[PDB]
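> One structure is given below, represented as structure tokens, and several questions about it will come after.
Here the Cβ positions follow ideal geometry from the backbone for every residue, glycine too, while neighbour counts run over all protein chains shown. Every number in this text was worked out from the coordinates using simple rules, so none of it is lab data.
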Protein chains: 4
Amino acid sequence: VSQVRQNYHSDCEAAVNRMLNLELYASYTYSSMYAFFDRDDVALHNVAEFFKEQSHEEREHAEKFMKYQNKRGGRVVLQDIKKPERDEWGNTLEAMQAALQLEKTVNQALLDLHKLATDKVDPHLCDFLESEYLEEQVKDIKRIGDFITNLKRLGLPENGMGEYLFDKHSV
Amino acid sequence: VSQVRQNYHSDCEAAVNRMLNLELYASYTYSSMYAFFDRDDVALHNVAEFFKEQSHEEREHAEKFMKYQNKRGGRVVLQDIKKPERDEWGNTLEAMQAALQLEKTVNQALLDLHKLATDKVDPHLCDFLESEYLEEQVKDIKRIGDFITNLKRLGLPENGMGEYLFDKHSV
Amino acid sequence: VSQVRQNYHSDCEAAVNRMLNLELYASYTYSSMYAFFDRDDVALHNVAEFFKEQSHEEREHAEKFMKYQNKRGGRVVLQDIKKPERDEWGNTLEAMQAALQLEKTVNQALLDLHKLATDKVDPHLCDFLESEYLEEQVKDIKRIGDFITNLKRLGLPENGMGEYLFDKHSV
Amino acid sequence: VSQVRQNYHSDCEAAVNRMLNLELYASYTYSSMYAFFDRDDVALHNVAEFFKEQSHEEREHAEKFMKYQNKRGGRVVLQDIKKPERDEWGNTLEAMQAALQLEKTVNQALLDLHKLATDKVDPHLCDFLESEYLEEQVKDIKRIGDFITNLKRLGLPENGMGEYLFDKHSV
Ligand SMILES: [Cl-]
Ligand SMILES: [Cl-]
Ligand SMILES: [Cl-]
Ligand SMILES: [Cl-]
Ligand SMILES: [Cl-]
Ligand SMILES: [Cl-]
Ligand SMILES: [Cl-]
Ligand SMILES: [Cl-]
Ligand SMILES: [Cl-]
Ligand SMILES: [Cl-]
Ligand SMILES: [Cl-]
Ligand SMILES: [Cl-]
Ligand SMILES: [Cl-]
Ligand SMILES: [Cl-]
Ligand SMILES: [Cl-]
Ligand SMILES: [Cl-]
Ligand SMILES: [Cl-]
Ligand SMILES: [Fe+2]
Ligand SMILES: [Fe+2]
Ligand SMILES: [Fe+2]
Ligand SMILES: [Fe+2]
Ligand SMILES: [Fe+2]
Ligand SMILES: [Fe+2]
Ligand SMILES: [Fe+2]
Ligand SMILES: [Fe+2]
Ligand SMILES: [Fe+2]
Ligand SMILES: [Fe+2]
Ligand SMILES: [Fe+2]
Ligand SMILES: [Fe+2]
Ligand SMILES: [Fe+2]
Ligand SMILES: [Fe+2]
Ligand SMILES: [Fe+2]
Ligand SMILES: [Fe+2]
Ligand SMILES: [Fe+2]
Ligand SMILES: [Fe+2]
Ligand SMILES: [Fe+2]
Ligand SMILES: [Fe+2]
Ligand SMILES: [Fe+2]
Ligand SMILES: [Fe+2]
Ligand SMILES: [Fe+2]
Ligand SMILES: [Mg+2]
Ligand SMILES: [Mg+2]
Ligand SMILES: [Mg+2]
Ligand SMILES: [Mg+2]
Ligand SMILES: [Mg+2]
Ligand SMILES: [Mg+2]
Ligand SMILES: [Mg+2]
Ligand SMILES: [Mg+2]
Ligand SMILES: [Mg+2]
Ligand SMILES: [Mg+2]
Ligand SMILES: [Mg+2]
Ligand SMILES: [Mg+2]
């Protein structure tokens with residue numbers, strides 16, 4: 001037993017490791033979206049950079065879980081980072097729709113972890129999730145939803161002019 | 001009944017007073033460690049100053065509970081501050097081990113208070129503990145654990161050179 | 001065929017994708033080393049931060065290959081990022097030895113890619129590898145070798161004082 | 001034989017002169033595109049200025065070959081600069097398509113020169129081409145390809161609004 005460990009359930013420790021992996025998975029998916037929008041036959045640079053930024057943010061989320069694990073006396077256990085679900089992302093609307101679903105998947109995992117922490121009476125873990133993850137998730141989901149509404153308004157997927165306009169005025 | 005009092009259970013009010021006393025007790029223990037390491041036959045000034053800083057921090061924790069009590073309309077009730085468990089602290093490793101146990105004792109009391117606040121449906125008290133106490137406790141416990149690992153690596157208690165090196169490069 | 005593609009062999013495109021994956025694998029291995037040295041029972045913070053920095057550098061190397069692929073009109077294809085070979089890294093010497101071998105593995109892959117680029121008469125790819133990868137590899141290998149020599153001089157793995165001294169004066 | 005001449009094959013000297021001429025030809029083509037987009041019945045000023053900038057860049061490329069020739073002890077031999085293939089350039093998409101093909105033609109000539117330099121075992125000439133020409137070519141080709149993708153997305157050649165938008169947000 002780690003000398004620092006106090007009120008940290010084995011189940012929570014394991015769930016933190018799984019959450020870390022999911023953050024890394026999300027990062028990798030966003031990196032794929034970056035590379036797609038940087039393709040010469042796609043060429044939406046501001047969209048690409050948005051997803052690149054998101055990729056870096058997700059990596060930061062993962063690293064914060066690593067630090068958390070050690071602070072509580074848990075042990076970081078890593079697993080493979082699975083490649084993204086797709087190799088190409090269609091267009092800005094399709095990519096944003098996938099990003100929304102990804103963000104909701106990550107959010108659900110965070111909420112499930114919060115429920116576990118609650119069940120195990122771990123207020124430190126609850127506080128950590130609330131203060132460092134849950135509000136950022138809601139903000140990101142709202143931003144992506146707002147983008148999707150605008151992409152639909154702009155006539156995506158069919159309206160190429162609309163897609164250009166979004167890249168030039170929304171990101 | 002205090003004109004400001006709302007959703008503040010008598011049990012929580014009493015537990016806040018006991019928590020205040022424990023913070024003062026912790027402060028006093030750290031002050032003893034400061035004085036020990038400042039002895040001419042001990043003479044580890046950086047270690048002494050670390051514990052002096054910790055003593056002041058614990059006093060601040062106590063004063064914040066006093067302010068909290070009044071904000072909620074509870075009444076501060078003071079008890080004797082018991083002298084520390086020991087009059088001399090052996091060496092840096094022994095002192096750090098005692099500090100770790102002290103920090104875990106304080107942490108357990110904070111967690112118990114959080115559980116009481118939860119049982120009494122007092123989200124303000126829960127928030128206060130989470131935002132002002134629980135993360136600082138985890139950080140401090142991790143720091144002391146890290147120090148202990150390094151002191152053991154440096155050959156404490158036997159290795160006087162190791163102890164000197166710690167004082168000169170870790171604190 | 002991509003409108004930008006010129007003098008870019010399919011074999012080189014595929015090898016760039018595999019190289020990208022290897023950079024990501026190296027990044028992930030370094031992230032594991034960071035987490036290990038941040039453990040409360042390991043607690044070598046400067047060593048941990050060295051490996052964290054290395055992890056970020058490797059990720060940058062991977063992203064540069066993504067950008068390269070697109071610049072040439074190749075298509076980024078991602079695969080799983082395999083978890084590191086180990087879950088725990090022993091001590092500073094063992095970790096540095098693994099880092100040296102990892103760096104040499106990455107270097108060999110870069111040299112193999114340079115040989116392929118040479119065989120396919122692709123001077124742009126040769127230049128890219130020489131200007132952006134090969135010298136950094138040699139520098140990193142030399143730095144790690146130098147560290148290993150010093151860790152051995154300091155009596156690793158047995159000499160805990162030596163390990164402490166390295167953390168405090170070399171990184 | 002020039003007193004400075006060393007390891008500089010006659011074939012390479014001649015090929016450098018031909019490369020110089022091609023750079024001047026490219027410059028002149030871009031100058032024609034500038035003048036076209038500055039016409040009152042075309043009036044896409046940002047597009048015109050892009051091509052004017054490209055024209056100046058190509059002239060700089062030519063002058064660098066002149067300096068190179070002298071540095072190696074070769075002799076600059078000039079030929080007529082042929083007028084561009086066209087007198088009018090249709091629209092932004094047509095001009096960009098011609099620019100892409102021009103850039104690929106120049107790139108192929110640079111790659112052919114690099115192959116000659118390799119065959120004649122001239123590493124100085126290889127280095128010069130790699131460090132001063134080949135990466136700039138790849139960057140320029142990618143930029144123009146990206147523009148073409150966006151012009152097609154914007155409905156060129158038919159969509160005049162799309163063409164206006166490109167001029168106002170892409171260049
Ligand atoms: Cl526990
Ligand atoms: Cl699987
Ligand atoms: Cl595709
Ligand atoms: Cl928007
Ligand atoms: Cl009340
Ligand atoms: Cl008593
Ligand atoms: Cl004594
Ligand atoms: Cl020293
Ligand atoms: Cl330390
Ligand atoms: Cl090709
Ligand atoms: Cl496999
Ligand atoms: Cl272990
Ligand atoms: Cl060293
Ligand atoms: Cl010669
Ligand atoms: Cl002729
Ligand atoms: Cl005309
Ligand atoms: Cl564009
Ligand atoms: Fe995240
Ligand atoms: Fe798979
Ligand atoms: Fe996210
Ligand atoms: Fe709560
Ligand atoms: Fe909170
Ligand atoms: Fe964010
Ligand atoms: Fe985000
Ligand atoms: Fe305290
Ligand atoms: Fe007593
Ligand atoms: Fe404390
Ligand atoms: Fe503190
Ligand atoms: Fe403290
Ligand atoms: Fe690398
Ligand atoms: Fe595996
Ligand atoms: Fe590396
Ligand atoms: Fe580096
Ligand atoms: Fe490096
Ligand atoms: Fe020193
Ligand atoms: Fe040129
Ligand atoms: Fe003619
Ligand atoms: Fe050019
Ligand atoms: Fe340029
Ligand atoms: Fe150019
Ligand atoms: Mg467990
Ligand atoms: Mg998972
Ligand atoms: Mg917040
Ligand atoms: Mg009462
Ligand atoms: Mg008490
Ligand atoms: Mg906080
Ligand atoms: Mg292929
Ligand atoms: Mg591989
Ligand atoms: Mg270099
Ligand atoms: Mg000749
Ligand atoms: Mg010619
Ligand atoms: Mg260069």
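> Other chains near D:146-153: what is the mean number of their Cβ atoms within 10 Å of each residue's Cβ?
6
> Within the range B:1-68, report the trypsin sites (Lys or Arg not before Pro) that DSSP leaves as loop and that have at most 16 other Cβ atoms within 10 Å. Mind showing how you got there, number by number?
Numbers: sites: B:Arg5, B:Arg18, B:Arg39, B:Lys52, B:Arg59, B:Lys64, B:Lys67; in loops: B:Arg5, B:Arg39.
Here the sparse-neighbourhood loop sites are B:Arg5, B:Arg39.
> Also, I was wondering about something else. For the cross-link pairs A:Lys168/C:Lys120; A:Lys71/B:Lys152; A:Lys168/C:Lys115; A:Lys64/B:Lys67; C:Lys71/D:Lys152, which exceed 31 Å when the distance is taken from alpha carbon to alpha carbon?
Cα-Cα > 31 Å for A:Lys168/C:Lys120; A:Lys168/C:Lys115; A:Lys64/B:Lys67; rest within.
> Output the 0 to 90 degree angle, nearest 10, between the alpha-carbon long axis of helix B:135-153 and the longest principal axis computed from the alpha carbons of chain B.
For B:135-153 against chain B, the angle is about 20 degrees.
> Enter the mean number of other protein chain beta carbons within 10 Å of the beta carbon of each residue in C:38-50, as an integer.
Values: counts 8, 11, 17, 11, 5, 12, 4, 3, 0, 0, 2, 0, 0.
Per-residue shielding by partner chains comes out at 6.
> So for the pair C:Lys139, C:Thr118, with labels modelled 7 Å out along Cα→Cβ, what separation do we get in nm?
Between C:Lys139 and C:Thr118, the simple spin-label model gives 2.3 nm.
> Which shape class applies to the range C:14-86: rounded if a/c is under 1.5, otherwise prolate when a/b exceeds b/c and oblate if not, where a ≥ b ≥ c are the square roots of the Cα gyration tensor eigenvalues?
Values: a/c = 5.03, a/b = 2.46, b/c = 2.05.
Prolate, since a/c reaches 1.5 and a/b exceeds b/c.
> Where does each of C:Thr29, D:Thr149 land when they are ranked from fewest to most other beta-carbon atoms within 10 angstrom?
Final ranking by Cβ density, sparse to dense: D:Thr149, C:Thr29.
> Give the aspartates and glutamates whose C-alpha is closer than 12 Å to that of A:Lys142, dropping any in the same chain fewer than 8 places away, or say none.
A:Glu103
> Based on a Kirkwood Rh over C-alpha pairs, give the Stokes-Einstein translational diffusion coefficient of the protein assembly as shown at 25 °C and viscosity 0.890 mPa s in µm²/s.
For the chosen part, D equals 82 µm²/s.
> Let me ask something else. Sequence gap at least 6, Cα distance under 8 Å: using those rules, report the relative contact order of the range A:3-97 to the nearest whole percent.
Relative contact order of the range A:3-97: 41 percent.
> Still on this structure, I have one more. Using a cut-off of 9 Å between beta-carbons, work out the net charge of the residues near B:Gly73 (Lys and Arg +1, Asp and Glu -1, B:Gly73 not included).
Taking every other residue near B:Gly73 into account, the sum is +3.
> Another question, if that's okay. Among the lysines, select those whose C-alpha is under 16 Å from the C-alpha of C:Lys139, and discard any that sit fewer than 8 residues away in the same chain.
C:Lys104
> From the helices alone, meaning DSSP H stretches of at least four residues, give me the mean residue ellipticity at 222 nm for chain A, per-run term -39500 (n - 2.57), in deg cm²/dmol to the nearest 500.
About -24000 deg cm²/dmol.
> Here's a follow-up. Sort D:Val4, D:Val171, C:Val16 so that the residue with the fewest other Cβ atoms within 10 Å of its own Cβ comes first and the one with the most comes last.
In increasing order of surrounding Cβ atoms, one gets D:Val4, D:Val171, C:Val16.
> Return A:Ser10, D:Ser55, D:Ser131 ranked ascending by Cβ neighbour count within 10 Å, so the fewest neighbours appear first.
By the 10 Å Cβ count, ascending, the order reads A:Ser10, D:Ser131, D:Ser55.
> Additional query: Give the shape of chain D as rounded, prolate or oblate, defined through the alpha-carbon gyration tensor: a ≥ b ≥ c are the square roots of its eigenvalues, a/c under 1.5 means rounded, and otherwise the shape is prolate if a/b is larger than b/c and oblate if not.
Here chain D falls in the prolate category.
> Just tell me how shielded D:134-145 is by partners: mean number of partner chain Cβ atoms within 10 Å of each residue's Cβ, no decimals.
5
> Let me ask you something else. Counting only other residues whose beta carbon sits under 14 Å from that of A:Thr105, what net charge do I get with K and R as +1, D and E as -1?
-3
> Using 0.36 nm times the number of residues separating B:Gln3 and B:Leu78, minus their current alpha carbon distance, what extension gain do you get?
Roughly 24.8 nm would be gained on extension.
> What's the FRET efficiency of C:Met161 with D:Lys67 using the Cβ-Cβ distance as r and R₀ = 60 Å, to the nearest 0.05?
With a Förster radius of 60 Å, E is 0.50.
> Could you give the dipole magnitude of chain C about its Cα centre, charging the beta-carbon of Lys and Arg +1 and that of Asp and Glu -1, in debye to the nearest 20?
Numbers: 22 positive and 31 negative charges, 103 e Å.
In total the dipole reaches around 500 debye.
> Oh, and also: Using Cα atoms only, what is the angle between the long axis of helix D:92-119 and the major principal axis of chain D, expressed in degrees (0 to 90) to the nearest 10?
Helix D:92-119 sits roughly 10 degrees off the main axis of chain D.
> Once both axes come from the Cα atoms, what is the angle between helix B:45-72 and the longest principal axis of chain B, in degrees from 0 to 90, rounded to 10?
The helix B:45-72 is inclined about 0 degrees to chain B.
> Excluding C:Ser2 itself, calculate the net charge of residues whose Cβ lies under 13 Å from the Cβ of C:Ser2, where each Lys or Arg counts +1 and each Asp or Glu counts -1. Write down the numbers at each step before the final one.
Values: positive: A:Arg39, C:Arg5, C:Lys71, C:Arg72, C:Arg75, D:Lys104, D:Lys142; negative: A:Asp38, A:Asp40, A:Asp41, C:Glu13, D:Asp146.
Here the charged neighbours net out to +2.
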